[PDB]
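Visitor: Quick one, input_1.tsv (TSV, C-alpha atoms and all ligand atoms):
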chain	number	residue	atom	x	y	z
A	21	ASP	CA	0.00	0.00	0.00
A	22	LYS	CA	1.82	3.10	-1.24
A	23	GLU	CA	-0.66	5.28	0.65
A	24	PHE	CA	0.44	3.74	3.95
A	25	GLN	CA	4.07	3.80	2.79
A	26	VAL	CA	3.95	7.52	2.00
A	27	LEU	CA	2.25	8.36	5.30
A	28	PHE	CA	4.91	6.38	7.14
A	29	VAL	CA	7.71	8.23	5.33
A	30	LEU	CA	6.12	11.63	5.99
A	31	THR	CA	5.61	10.83	9.65
A	32	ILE	CA	9.16	9.58	10.20
A	33	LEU	CA	10.63	12.62	8.46
A	34	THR	CA	8.46	14.97	10.56
A	35	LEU	CA	9.54	13.27	13.80
A	36	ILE	CA	13.19	13.42	12.69
A	37	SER	CA	12.88	17.16	12.10
A	38	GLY	CA	11.38	17.61	15.55
A	39	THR	CA	14.05	15.45	17.16
A	40	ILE	CA	16.81	17.51	15.54
A	41	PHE	CA	15.16	20.81	16.49
A	42	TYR	CA	14.46	20.07	20.15
A	43	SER	CA	17.78	18.30	20.70
A	44	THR	CA	19.69	21.29	19.29
A	45	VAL	CA	17.59	24.36	20.10
A	46	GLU	CA	16.07	23.23	23.41
A	47	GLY	CA	19.02	21.13	24.57
A	48	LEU	CA	17.12	17.87	25.05
A	49	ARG	CA	18.63	14.41	24.78
A	50	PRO	CA	17.64	12.89	21.41
A	51	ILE	CA	15.22	10.42	23.00
A	52	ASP	CA	13.59	13.27	24.98
A	53	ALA	CA	13.41	15.41	21.82
A	54	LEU	CA	11.73	12.54	20.00
A	55	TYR	CA	9.41	11.92	22.95
A	56	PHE	CA	8.42	15.59	23.02
A	57	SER	CA	7.80	15.58	19.27
A	58	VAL	CA	5.63	12.45	19.50
A	59	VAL	CA	3.45	13.48	22.45
A	60	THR	CA	2.95	16.89	20.83
A	61	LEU	CA	1.82	15.73	17.39
A	62	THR	CA	-0.34	12.92	18.83
A	63	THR	CA	-1.83	15.48	21.30
A	64	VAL	CA	-1.00	13.32	24.34
A	65	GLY	CA	0.93	16.34	25.55
A	66	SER	CA	4.15	16.98	27.44
A	67	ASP	CA	4.97	17.77	31.07
A	68	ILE	CA	7.59	20.27	29.85
A	69	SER	CA	7.54	23.19	27.43
A	70	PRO	CA	10.10	24.92	25.19
A	71	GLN	CA	12.19	27.48	27.06
A	72	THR	CA	13.19	29.60	24.05
A	73	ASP	CA	10.85	31.84	22.09
A	74	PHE	CA	12.22	30.18	18.95
A	75	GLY	CA	11.18	26.81	20.35
A	76	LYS	CA	7.71	28.08	21.24
A	77	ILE	CA	7.12	29.45	17.73
A	78	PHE	CA	8.43	26.24	16.16
A	79	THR	CA	6.12	24.08	18.28
A	80	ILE	CA	3.03	26.11	17.28
A	81	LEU	CA	3.86	25.70	13.60
A	82	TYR	CA	5.01	22.09	14.07
A	83	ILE	CA	1.58	21.25	15.49
A	84	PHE	CA	-0.28	22.72	12.51
A	85	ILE	CA	2.12	21.16	9.99
A	86	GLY	CA	2.05	17.71	11.55
A	87	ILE	CA	-1.13	16.91	13.46
A	88	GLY	CA	-3.17	15.98	10.39
A	89	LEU	CA	-0.38	13.85	8.93
A	90	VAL	CA	0.21	12.01	12.21
A	91	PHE	CA	-3.44	11.06	12.69
A	92	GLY	CA	-3.80	10.01	9.07
A	93	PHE	CA	-0.86	7.68	9.71
A	94	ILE	CA	-2.32	6.49	13.03
A	95	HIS	CA	-5.55	5.65	11.20
A	96	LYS	CA	-3.92	3.78	8.32
A	97	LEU	CA	-1.66	1.96	10.79
A	98	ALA	CA	-4.73	0.95	12.80
A	99	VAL	CA	-6.34	-0.62	9.72
A	100	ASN	CA	-3.20	-2.61	8.93
A	101	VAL	CA	-2.68	-3.75	12.53
A	102	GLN	CA	-6.25	-4.87	13.26
A	103	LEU	CA	-7.19	-6.38	9.91
A	104	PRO	CA	-5.44	-9.76	10.50
A	105	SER	CA	-7.46	-10.21	13.70
A	106	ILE	CA	-10.71	-9.22	11.97
A	107	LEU	CA	-10.07	-11.55	9.03
A	108	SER	CA	-9.20	-14.43	11.38
A	109	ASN	CA	-12.50	-13.73	13.20
A	110	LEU	CA	-14.41	-13.67	9.88
A	111	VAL	CA	-12.88	-15.96	7.21
B	19	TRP	CA	-21.39	-10.18	19.37
B	20	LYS	CA	-23.39	-8.95	16.39
B	21	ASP	CA	-20.60	-6.61	15.23
B	22	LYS	CA	-17.49	-8.77	14.83
B	23	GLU	CA	-15.28	-5.72	14.24
B	24	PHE	CA	-16.50	-4.29	17.56
B	25	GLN	CA	-15.64	-7.54	19.35
B	26	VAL	CA	-12.13	-7.59	17.86
B	27	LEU	CA	-11.58	-3.95	18.83
B	28	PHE	CA	-12.83	-4.64	22.35
B	29	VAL	CA	-10.48	-7.59	22.93
B	30	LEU	CA	-7.50	-5.77	21.42
B	31	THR	CA	-8.21	-2.74	23.61
B	32	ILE	CA	-8.39	-4.93	26.71
B	33	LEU	CA	-5.16	-6.71	25.77
B	34	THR	CA	-3.48	-3.38	25.02
B	35	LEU	CA	-4.43	-1.96	28.42
B	36	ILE	CA	-3.24	-5.14	30.17
B	37	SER	CA	0.10	-4.89	28.38
B	38	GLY	CA	0.52	-1.28	29.48
B	39	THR	CA	-0.40	-2.06	33.06
B	40	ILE	CA	2.25	-4.80	33.18
B	41	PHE	CA	4.84	-2.63	31.44
B	42	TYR	CA	4.57	0.53	33.50
B	43	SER	CA	4.33	-1.35	36.80
B	44	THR	CA	7.41	-3.43	35.96
B	45	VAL	CA	9.60	-0.93	34.10
B	46	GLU	CA	8.49	2.40	35.60
B	47	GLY	CA	7.72	1.07	39.08
B	48	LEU	CA	4.10	2.22	39.22
B	49	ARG	CA	1.38	0.56	41.24
B	50	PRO	CA	-0.80	-1.50	38.87
B	51	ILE	CA	-3.71	0.94	39.30
B	52	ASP	CA	-1.43	3.87	38.45
B	53	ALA	CA	0.00	1.95	35.49
B	54	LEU	CA	-3.52	1.33	34.18
B	55	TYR	CA	-4.49	4.99	34.70
B	56	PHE	CA	-1.39	6.07	32.76
B	57	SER	CA	-2.13	3.65	29.92
B	58	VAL	CA	-5.72	4.87	29.62
B	59	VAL	CA	-5.08	8.60	29.69
B	60	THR	CA	-2.14	8.16	27.29
B	61	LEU	CA	-4.01	6.12	24.68
B	62	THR	CA	-7.09	8.38	24.84
B	63	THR	CA	-4.65	11.31	24.31
B	64	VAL	CA	-5.84	12.86	27.57
B	65	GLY	CA	-2.30	12.67	28.93
B	66	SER	CA	-1.02	12.27	32.47
B	67	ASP	CA	0.64	14.56	34.97
B	68	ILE	CA	3.69	12.24	34.92
B	69	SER	CA	5.95	10.88	32.19
B	70	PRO	CA	8.22	7.84	31.77
B	71	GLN	CA	11.56	8.19	33.54
B	72	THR	CA	13.51	5.42	31.80
B	73	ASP	CA	14.67	5.32	28.19
B	74	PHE	CA	12.96	1.93	27.84
B	75	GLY	CA	9.70	3.50	29.04
B	76	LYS	CA	10.04	6.42	26.64
B	77	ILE	CA	10.69	4.18	23.63
B	78	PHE	CA	7.88	1.78	24.55
B	79	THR	CA	5.44	4.63	25.09
B	80	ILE	CA	6.16	6.06	21.62
B	81	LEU	CA	5.33	2.71	20.02
B	82	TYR	CA	2.40	2.17	22.42
B	83	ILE	CA	0.95	5.55	21.46
B	84	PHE	CA	1.07	4.97	17.71
B	85	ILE	CA	-0.41	1.47	17.84
B	86	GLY	CA	-2.67	2.18	20.83
B	87	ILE	CA	-4.46	5.40	19.90
B	88	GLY	CA	-5.81	3.90	16.68
B	89	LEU	CA	-7.21	0.84	18.42
B	90	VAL	CA	-8.67	2.62	21.47
B	91	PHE	CA	-10.39	5.28	19.36
B	92	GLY	CA	-11.66	2.58	17.02
B	93	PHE	CA	-13.18	0.87	20.03
B	94	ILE	CA	-14.57	4.16	21.33
B	95	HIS	CA	-16.21	4.97	18.00
B	96	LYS	CA	-17.73	1.48	17.82
B	97	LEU	CA	-18.93	1.73	21.42
B	98	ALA	CA	-20.60	5.06	20.62
B	99	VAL	CA	-22.44	3.95	17.50
B	100	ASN	CA	-23.25	0.39	18.60
B	101	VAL	CA	-24.02	0.73	22.32
B	102	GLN	CA	-24.31	4.30	23.58
B	103	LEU	CA	-26.24	5.85	20.69
B	104	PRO	CA	-28.93	3.11	20.58
B	105	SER	CA	-29.23	3.25	24.38
B	106	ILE	CA	-29.81	7.02	24.36
B	107	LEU	CA	-32.37	6.76	21.58
B	108	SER	CA	-34.17	3.97	23.42
B	109	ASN	CA	-34.13	6.05	26.60
B	110	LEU	CA	-35.71	9.02	24.79
B	111	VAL	CA	-38.81	7.05	23.71
B	112	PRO	CA	-42.03	8.04	25.54
B	113	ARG	CA	-43.53	5.00	27.25
C	21	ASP	CA	-32.48	21.56	17.00
C	22	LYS	CA	-33.40	18.84	19.49
C	23	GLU	CA	-30.24	16.94	18.53
C	24	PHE	CA	-28.09	19.83	19.73
C	25	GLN	CA	-30.39	20.33	22.74
C	26	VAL	CA	-30.05	16.69	23.83
C	27	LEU	CA	-26.27	16.72	23.40
C	28	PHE	CA	-26.09	19.88	25.49
C	29	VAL	CA	-28.20	18.32	28.26
C	30	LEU	CA	-26.13	15.12	28.26
C	31	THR	CA	-22.89	17.06	28.38
C	32	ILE	CA	-23.99	19.33	31.23
C	33	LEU	CA	-25.24	16.37	33.26
C	34	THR	CA	-21.96	14.49	32.70
C	35	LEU	CA	-19.89	17.50	33.81
C	36	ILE	CA	-22.13	17.93	36.87
C	37	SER	CA	-21.55	14.31	37.85
C	38	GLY	CA	-17.80	14.79	37.50
C	39	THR	CA	-17.88	18.03	39.47
C	40	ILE	CA	-19.75	16.34	42.32
C	41	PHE	CA	-17.43	13.31	42.30
C	42	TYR	CA	-14.10	15.15	42.28
C	43	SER	CA	-15.25	17.83	44.73
C	44	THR	CA	-16.39	15.16	47.21
C	45	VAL	CA	-14.09	12.17	46.67
C	46	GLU	CA	-10.89	14.00	45.68
C	47	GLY	CA	-11.46	17.09	47.82
C	48	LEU	CA	-11.24	19.65	45.02
C	49	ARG	CA	-12.94	23.03	45.02
C	50	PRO	CA	-16.02	22.86	42.75
C	51	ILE	CA	-14.41	24.99	40.05
C	52	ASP	CA	-11.30	22.76	40.12
C	53	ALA	CA	-13.49	19.62	40.00
C	54	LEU	CA	-15.31	21.05	36.98
C	55	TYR	CA	-12.01	22.07	35.39
C	56	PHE	CA	-10.61	18.57	35.88
C	57	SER	CA	-13.75	17.01	34.42
C	58	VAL	CA	-13.64	19.30	31.37
C	59	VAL	CA	-9.94	18.89	30.50
C	60	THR	CA	-10.29	15.12	30.94
C	61	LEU	CA	-13.30	14.56	28.67
C	62	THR	CA	-12.00	17.02	26.03
C	63	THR	CA	-8.57	15.26	26.24
C	64	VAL	CA	-6.72	18.54	26.91
C	65	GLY	CA	-5.50	16.84	30.06
C	66	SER	CA	-4.77	17.83	33.63
C	67	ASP	CA	-1.59	18.71	35.53
C	68	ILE	CA	-2.93	16.74	38.52
C	69	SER	CA	-4.30	13.23	38.99
C	70	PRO	CA	-6.74	11.55	41.39
C	71	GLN	CA	-5.11	10.54	44.66
C	72	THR	CA	-7.59	7.81	45.63
C	73	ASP	CA	-7.92	4.45	43.90
C	74	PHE	CA	-11.66	5.12	43.75
C	75	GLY	CA	-10.95	8.36	41.90
C	76	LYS	CA	-8.59	6.62	39.47
C	77	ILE	CA	-11.15	3.94	38.61
C	78	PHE	CA	-13.89	6.56	38.22
C	79	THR	CA	-11.76	8.65	35.85
C	80	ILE	CA	-11.02	5.64	33.59
C	81	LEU	CA	-14.73	4.86	33.31
C	82	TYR	CA	-15.68	8.54	33.10
C	83	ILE	CA	-13.43	8.90	30.05
C	84	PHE	CA	-15.05	5.98	28.22
C	85	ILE	CA	-18.57	7.07	29.19
C	86	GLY	CA	-18.08	10.69	28.21
C	87	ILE	CA	-15.46	11.26	25.52
C	88	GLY	CA	-17.75	10.40	22.61
C	89	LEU	CA	-20.61	12.49	23.96
C	90	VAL	CA	-18.38	15.51	24.60
C	91	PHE	CA	-16.91	15.54	21.09
C	92	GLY	CA	-20.31	15.03	19.50
C	93	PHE	CA	-21.40	18.13	21.42
C	94	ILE	CA	-18.24	20.03	20.47
C	95	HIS	CA	-18.96	19.23	16.81
C	96	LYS	CA	-22.63	20.25	16.89
C	97	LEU	CA	-21.69	23.40	18.83
C	98	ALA	CA	-19.09	24.22	16.18
C	99	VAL	CA	-21.71	24.02	13.42
C	100	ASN	CA	-24.06	26.35	15.30
C	101	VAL	CA	-21.32	28.84	16.21
C	102	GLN	CA	-19.71	29.14	12.77
C	103	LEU	CA	-22.79	28.98	10.55
C	104	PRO	CA	-23.79	32.67	11.01
C	105	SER	CA	-20.33	33.72	9.79
C	106	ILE	CA	-20.47	31.33	6.83
C	107	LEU	CA	-23.95	32.47	5.83
C	108	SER	CA	-22.94	36.13	6.10
C	109	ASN	CA	-19.95	35.31	3.84
C	110	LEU	CA	-22.25	33.50	1.36
C	111	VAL	CA	-25.79	34.95	1.23
D	19	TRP	CA	-10.34	32.06	-1.32
D	20	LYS	CA	-11.97	29.31	-3.37
D	21	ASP	CA	-13.37	27.56	-0.28
D	22	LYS	CA	-15.39	30.16	1.61
D	23	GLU	CA	-15.88	27.83	4.59
D	24	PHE	CA	-12.09	27.47	4.82
D	25	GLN	CA	-11.66	31.25	4.81
D	26	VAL	CA	-14.25	31.69	7.58
D	27	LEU	CA	-12.60	28.97	9.66
D	28	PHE	CA	-9.19	30.56	9.13
D	29	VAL	CA	-10.29	34.02	10.27
D	30	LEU	CA	-12.20	32.65	13.26
D	31	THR	CA	-9.17	30.58	14.28
D	32	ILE	CA	-6.92	33.64	14.05
D	33	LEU	CA	-9.38	35.73	16.05
D	34	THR	CA	-9.74	32.95	18.62
D	35	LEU	CA	-5.97	32.71	19.11
D	36	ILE	CA	-5.69	36.49	19.41
D	37	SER	CA	-8.40	36.51	22.08
D	38	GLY	CA	-6.59	33.83	24.06
D	39	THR	CA	-3.26	35.61	23.80
D	40	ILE	CA	-4.83	38.80	25.19
D	41	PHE	CA	-6.71	36.93	27.90
D	42	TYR	CA	-3.92	34.81	29.33
D	43	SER	CA	-1.39	37.65	29.20
D	44	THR	CA	-3.78	40.02	30.99
D	45	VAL	CA	-5.55	37.69	33.44
D	46	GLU	CA	-2.91	35.00	34.04
D	47	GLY	CA	0.12	37.27	33.69
D	48	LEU	CA	1.82	35.32	30.91
D	49	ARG	CA	4.15	36.81	28.34
D	50	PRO	CA	2.24	37.18	25.05
D	51	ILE	CA	4.31	34.38	23.45
D	52	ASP	CA	3.52	32.08	26.39
D	53	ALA	CA	-0.14	33.07	26.24
D	54	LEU	CA	-0.25	32.18	22.54
D	55	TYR	CA	1.54	28.86	23.15
D	56	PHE	CA	-0.99	28.01	25.87
D	57	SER	CA	-3.93	28.90	23.63
D	58	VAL	CA	-2.60	26.74	20.79
D	59	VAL	CA	-1.76	23.62	22.78
D	60	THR	CA	-5.07	23.92	24.67
D	61	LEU	CA	-7.30	24.25	21.61
D	62	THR	CA	-5.46	21.47	19.73
D	63	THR	CA	-6.00	19.33	22.88
D	64	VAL	CA	-2.24	18.85	23.17
D	65	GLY	CA	-2.33	20.47	26.60
D	66	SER	CA	0.28	22.50	28.45
D	67	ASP	CA	2.56	21.84	31.39
D	68	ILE	CA	0.81	24.71	33.24
D	69	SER	CA	-2.80	25.51	34.11
D	70	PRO	CA	-4.79	28.66	34.92
D	71	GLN	CA	-4.28	29.91	38.46
D	72	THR	CA	-7.27	32.25	38.76
D	73	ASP	CA	-10.94	31.30	38.89
D	74	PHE	CA	-11.57	33.72	36.02
D	75	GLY	CA	-8.92	31.90	33.97
D	76	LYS	CA	-10.41	28.50	34.78
D	77	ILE	CA	-13.93	29.54	33.81
D	78	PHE	CA	-12.77	31.26	30.62
D	79	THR	CA	-10.66	28.27	29.62
D	80	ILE	CA	-13.64	25.90	29.96
D	81	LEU	CA	-15.68	28.06	27.59
D	82	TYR	CA	-12.64	28.64	25.33
D	83	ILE	CA	-12.09	24.89	25.07
D	84	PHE	CA	-15.65	24.04	24.06
D	85	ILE	CA	-15.95	26.80	21.46
D	86	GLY	CA	-12.29	26.67	20.42
D	87	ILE	CA	-11.62	22.98	19.79
D	88	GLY	CA	-14.44	22.75	17.25
D	89	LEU	CA	-13.20	25.74	15.27
D	90	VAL	CA	-9.48	24.90	15.36
D	91	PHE	CA	-10.05	21.29	14.30
D	92	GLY	CA	-12.43	22.47	11.59
D	93	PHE	CA	-9.66	24.71	10.31
D	94	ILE	CA	-7.11	21.89	10.61
D	95	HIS	CA	-9.31	19.49	8.64
D	96	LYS	CA	-9.88	22.11	5.93
D	97	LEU	CA	-6.15	22.91	5.81
D	98	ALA	CA	-5.39	19.21	5.37
D	99	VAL	CA	-7.84	18.53	2.55
D	100	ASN	CA	-7.53	21.88	0.76
D	101	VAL	CA	-3.82	22.76	1.09
D	102	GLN	CA	-1.64	19.98	2.46
D	103	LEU	CA	-3.12	17.01	0.63
D	104	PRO	CA	-3.02	18.67	-2.84
D	105	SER	CA	0.54	19.89	-2.14
D	106	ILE	CA	1.74	16.38	-1.26
D	107	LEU	CA	0.07	14.88	-4.32
D	108	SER	CA	1.60	17.56	-6.53
D	109	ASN	CA	5.00	16.91	-4.95
D	110	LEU	CA	4.73	13.17	-5.70
D	111	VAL	CA	4.33	13.68	-9.47
D	112	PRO	CA	7.37	12.62	-11.55
D	113	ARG	CA	8.62	15.54	-13.62
A	201	CL	CL	19.24	9.89	23.64
A	202	CL	CL	-2.73	-1.44	42.38
A	203	CL	CL	-15.40	26.79	43.61
A	204	CL	CL	6.08	37.91	24.18
A	205	K	K	-3.59	16.02	26.03
A	206	K	K	-5.63	15.19	23.18
A	207	NA	NA	-1.72	16.81	28.58
A	208	NA	NA	-0.46	17.34	30.32
A	209	NA	NA	-7.91	14.25	20.02
A	210	NA	NA	1.81	18.29	33.47
Can you dump the structure from the file as structure tokens?
Ligand SMILES: [Cl-]
Ligand SMILES: [Cl-]
Ligand SMILES: [Cl-]
Ligand SMILES: [Cl-]
Ligand SMILES: [K+]
Ligand SMILES: [K+]
Ligand code: NA
Ligand code: NA
Ligand code: NA
Ligand code: NA
Guide:
Amino acid sequence: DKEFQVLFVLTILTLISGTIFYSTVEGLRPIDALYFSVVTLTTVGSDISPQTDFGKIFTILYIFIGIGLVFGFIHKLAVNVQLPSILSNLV
Amino acid sequence: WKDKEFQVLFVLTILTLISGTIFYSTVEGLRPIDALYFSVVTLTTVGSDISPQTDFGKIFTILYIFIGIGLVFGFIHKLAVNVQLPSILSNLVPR
Amino acid sequence: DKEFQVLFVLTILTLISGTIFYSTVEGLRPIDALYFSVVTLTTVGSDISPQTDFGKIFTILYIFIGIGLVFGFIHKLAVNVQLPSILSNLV
Amino acid sequence: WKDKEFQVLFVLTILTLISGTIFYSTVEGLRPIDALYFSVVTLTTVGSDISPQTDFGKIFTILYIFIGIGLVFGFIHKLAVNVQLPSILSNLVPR
């Protein structure tokens, strides 16, 4: 499914960008920069916030650039992950 | 039982929440009830007041979120249309 | 619109139940109990958590009982709030 | 401009975010940038690490959430289908 494949690529690239930004601008460990990027775009939310104005502006834009992509990917992923169980419970 | 997709989504949600309860209690040292609370608020995107402390917990939670949100919200949508909406309509009928 | 009216009633009653529960079981001021109930069911999320096991169990169930209702109401409210602006920008 | 609903949702979102920035900076004492950040993460349901301290702020935020989420996510959906999705498709064309 190229639709799923493209959504995966777009999501990974968006999370990489966030990991680079927050690890370099906000001084987070890579794993913490990735964690912050993930909980932000999935809307789970973080227990910290950017300390720099640059980081605050980036996060606002990052949310609007990425929230729709991330939930499109979550939805397509959910279809692929659950379908084997549905098919085994049907055919 | 009538909706097989709903039954699959229910069981997978239950299994997902069990897995999180075991994980956070073992790896992050939470009481089982607090591990379950964390799993639920995380996968509903409510979010908790706490966060994972270990790198293992952080990596797991990222994967848990991406696989978990889709299944929990699939279950929630099915619960709304298959159980809650018919119950409300039934309870609005004059008798 | 009775559909909007029913969703409003259901939402208000659900938030009242939460306000009573968290103000009595978790010892919160009414406004804080309401605030907790709102940010939970809208998935904005709280910076606190229930301290009692009873309150933790209630919150888990409260989320599953109320999240679908609350977003149905948010959606119907959004249609009613934006439609005057759309109609003024059309007719 | 082509989608009039999209234009309405854009302007209302901008006005909503301006209102929150003014409110939280005045009533909760936040810097304007921090007030805007709070408004955005609140209305996208991401959530912040902080919360309103005053009863006025708590009451406003409840009303802001219910009116705001619907408009911001309406704008986000329109932005996805009208701007981002066509841009991605265009950028996938071999040339
Ligand atoms: Cl790291
Ligand atoms: Cl326990
Ligand atoms: Cl009060
Ligand atoms: Cl500022
Ligand atoms: K949240
Ligand atoms: K959320
Ligand atoms: Na949160
Ligand atoms: Na939070
Ligand atoms: Na959400
Ligand atoms: Na927090």
Visitor: Neighbouring residues of ligand NA 210 (chain A) are defined here as those with any atom at most 10 Å from a ligand atom, counting only C-alpha atoms and all ligand atoms; list them as a ChimeraX atom specification.
Guide: /A:65-69 /B:65-69 /C:65-69 /D:65-69
Visitor: Output chain C as a compact mmCIF listing (two decimals) with C-alpha atoms, keeping the file's coordinate frame, after least-squares fitting it to chain A on all in-order C-alpha pairs.
Guide:
# COMPACT_ATOMS: atom_id res chain seq x y z
CA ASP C 21 0.00 0.00 0.00
CA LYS C 22 1.82 3.10 -1.24
CA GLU C 23 -0.66 5.28 0.65
CA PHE C 24 0.43 3.74 3.95
CA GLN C 25 4.08 3.80 2.79
CA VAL C 26 3.95 7.53 2.00
CA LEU C 27 2.24 8.36 5.30
CA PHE C 28 4.91 6.38 7.14
CA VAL C 29 7.71 8.23 5.33
CA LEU C 30 6.12 11.63 5.99
CA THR C 31 5.61 10.83 9.65
CA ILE C 32 9.16 9.58 10.19
CA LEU C 33 10.63 12.62 8.46
CA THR C 34 8.46 14.97 10.56
CA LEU C 35 9.54 13.27 13.80
CA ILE C 36 13.19 13.42 12.69
CA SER C 37 12.89 17.16 12.10
CA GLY C 38 11.38 17.61 15.55
CA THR C 39 14.05 15.45 17.16
CA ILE C 40 16.81 17.51 15.54
CA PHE C 41 15.16 20.82 16.48
CA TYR C 42 14.46 20.07 20.15
CA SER C 43 17.78 18.30 20.71
CA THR C 44 19.69 21.29 19.28
CA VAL C 45 17.59 24.36 20.10
CA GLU C 46 16.07 23.23 23.41
CA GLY C 47 19.02 21.13 24.57
CA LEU C 48 17.12 17.87 25.05
CA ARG C 49 18.63 14.41 24.79
CA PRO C 50 17.64 12.89 21.42
CA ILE C 51 15.22 10.42 23.01
CA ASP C 52 13.59 13.27 24.98
CA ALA C 53 13.41 15.42 21.82
CA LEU C 54 11.73 12.53 19.99
CA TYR C 55 9.42 11.92 22.95
CA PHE C 56 8.42 15.59 23.02
CA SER C 57 7.79 15.59 19.27
CA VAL C 58 5.64 12.44 19.49
CA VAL C 59 3.45 13.48 22.45
CA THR C 60 2.95 16.90 20.83
CA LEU C 61 1.82 15.74 17.38
CA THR C 62 -0.34 12.92 18.83
CA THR C 63 -1.83 15.49 21.30
CA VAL C 64 -1.00 13.32 24.34
CA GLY C 65 0.94 16.33 25.56
CA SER C 66 4.15 16.98 27.44
CA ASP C 67 4.97 17.77 31.07
CA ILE C 68 7.59 20.27 29.85
CA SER C 69 7.55 23.19 27.43
CA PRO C 70 10.10 24.92 25.19
CA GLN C 71 12.19 27.48 27.06
CA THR C 72 13.19 29.59 24.05
CA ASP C 73 10.85 31.84 22.09
CA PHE C 74 12.22 30.18 18.95
CA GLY C 75 11.18 26.81 20.35
CA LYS C 76 7.70 28.08 21.23
CA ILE C 77 7.11 29.45 17.73
CA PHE C 78 8.43 26.24 16.16
CA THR C 79 6.12 24.08 18.28
CA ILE C 80 3.02 26.11 17.28
CA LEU C 81 3.87 25.69 13.60
CA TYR C 82 5.01 22.09 14.07
CA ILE C 83 1.58 21.24 15.49
CA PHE C 84 -0.28 22.72 12.51
CA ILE C 85 2.12 21.16 9.99
CA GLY C 86 2.05 17.71 11.54
CA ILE C 87 -1.13 16.91 13.46
CA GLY C 88 -3.17 15.97 10.39
CA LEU C 89 -0.39 13.85 8.93
CA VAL C 90 0.22 12.01 12.21
CA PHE C 91 -3.44 11.07 12.69
CA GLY C 92 -3.80 10.01 9.08
CA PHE C 93 -0.86 7.68 9.71
CA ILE C 94 -2.32 6.49 13.03
CA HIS C 95 -5.56 5.64 11.21
CA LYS C 96 -3.92 3.78 8.32
CA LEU C 97 -1.66 1.96 10.80
CA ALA C 98 -4.73 0.94 12.80
CA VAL C 99 -6.34 -0.61 9.71
CA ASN C 100 -3.20 -2.62 8.93
CA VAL C 101 -2.68 -3.75 12.53
CA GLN C 102 -6.24 -4.86 13.26
CA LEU C 103 -7.19 -6.38 9.91
CA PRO C 104 -5.43 -9.75 10.50
CA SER C 105 -7.46 -10.21 13.70
CA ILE C 106 -10.71 -9.23 11.97
CA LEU C 107 -10.08 -11.55 9.04
CA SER C 108 -9.20 -14.43 11.37
CA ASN C 109 -12.50 -13.74 13.20
CA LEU C 110 -14.40 -13.67 9.87
CA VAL C 111 -12.88 -15.96 7.21
Visitor: Give me, as JSON lines, the closest atom pair and its distance (Å, one decimal) for every residue of chain A within a cut-off of 7 Å of ligand CL 201 (chain A), counting all atoms listed in the file, rows sorted by chain and rising number.
Guide:
{"residue": "A:49", "atom": "CA", "partner": "A:CL201", "partner_atom": "CL", "distance": 4.7}
{"residue": "A:50", "atom": "CA", "partner": "A:CL201", "partner_atom": "CL", "distance": 4.1}
{"residue": "A:51", "atom": "CA", "partner": "A:CL201", "partner_atom": "CL", "distance": 4.1}
{"residue": "A:52", "atom": "CA", "partner": "A:CL201", "partner_atom": "CL", "distance": 6.7}
Visitor: Tell me, counting all atoms listed in the file, for each residue of chain A within 9 Å of chain D, which pair of atoms is nearest and how far apart they are in Å to one decimal, in rows ordered by chain and increasing number, as a Markdown table.
Guide:
| residue | atom | partner | partner_atom | distance |
| --- | --- | --- | --- | --- |
| A:59 | CA | D:64 | CA | 7.9 |
| A:60 | CA | D:64 | CA | 6.0 |
| A:61 | CA | D:64 | CA | 7.7 |
| A:62 | CA | D:64 | CA | 7.6 |
| A:63 | CA | D:64 | CA | 3.9 |
| A:64 | CA | D:64 | CA | 5.8 |
| A:65 | CA | D:64 | CA | 4.7 |
| A:66 | CA | D:67 | CA | 6.5 |
| A:67 | CA | D:67 | CA | 4.7 |
| A:68 | CA | D:67 | CA | 5.5 |
| A:69 | CA | D:67 | CA | 6.5 |
| A:73 | CA | D:51 | CA | 7.1 |
| A:76 | CA | D:55 | CA | 6.5 |
| A:77 | CA | D:55 | CA | 7.8 |
| A:79 | CA | D:55 | CA | 8.2 |
| A:80 | CA | D:55 | CA | 6.7 |
| A:83 | CA | D:62 | CA | 8.2 |
| A:84 | CA | D:94 | CA | 7.1 |
| A:85 | CA | D:102 | CA | 8.5 |
| A:87 | CA | D:94 | CA | 8.3 |
| A:88 | CA | D:98 | CA | 6.4 |
| A:89 | CA | D:98 | CA | 8.2 |
Visitor: Restrict the selected residues to C-alpha atoms and save them as a compact mmCIF listing (two decimals), keeping the file's coordinate frame.
Guide:
# COMPACT_ATOMS: atom_id res chain seq x y z
CA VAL A 59 3.45 13.48 22.45
CA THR A 60 2.95 16.89 20.83
CA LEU A 61 1.82 15.73 17.39
CA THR A 62 -0.34 12.92 18.83
CA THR A 63 -1.83 15.48 21.30
CA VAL A 64 -1.00 13.32 24.34
CA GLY A 65 0.93 16.34 25.55
CA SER A 66 4.15 16.98 27.44
CA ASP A 67 4.97 17.77 31.07
CA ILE A 68 7.59 20.27 29.85
CA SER A 69 7.54 23.19 27.43
CA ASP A 73 10.85 31.84 22.09
CA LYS A 76 7.71 28.08 21.24
CA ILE A 77 7.12 29.45 17.73
CA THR A 79 6.12 24.08 18.28
CA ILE A 80 3.03 26.11 17.28
CA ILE A 83 1.58 21.25 15.49
CA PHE A 84 -0.28 22.72 12.51
CA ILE A 85 2.12 21.16 9.99
CA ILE A 87 -1.13 16.91 13.46
CA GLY A 88 -3.17 15.98 10.39
CA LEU A 89 -0.38 13.85 8.93
Visitor: If you count all atoms listed in the file, which residues end up within 12 Å of ligand CL 203 (chain A), as a ChimeraX atom specification?
Guide: /C:39-40,42-43,47-55 /D:72-74,76-77
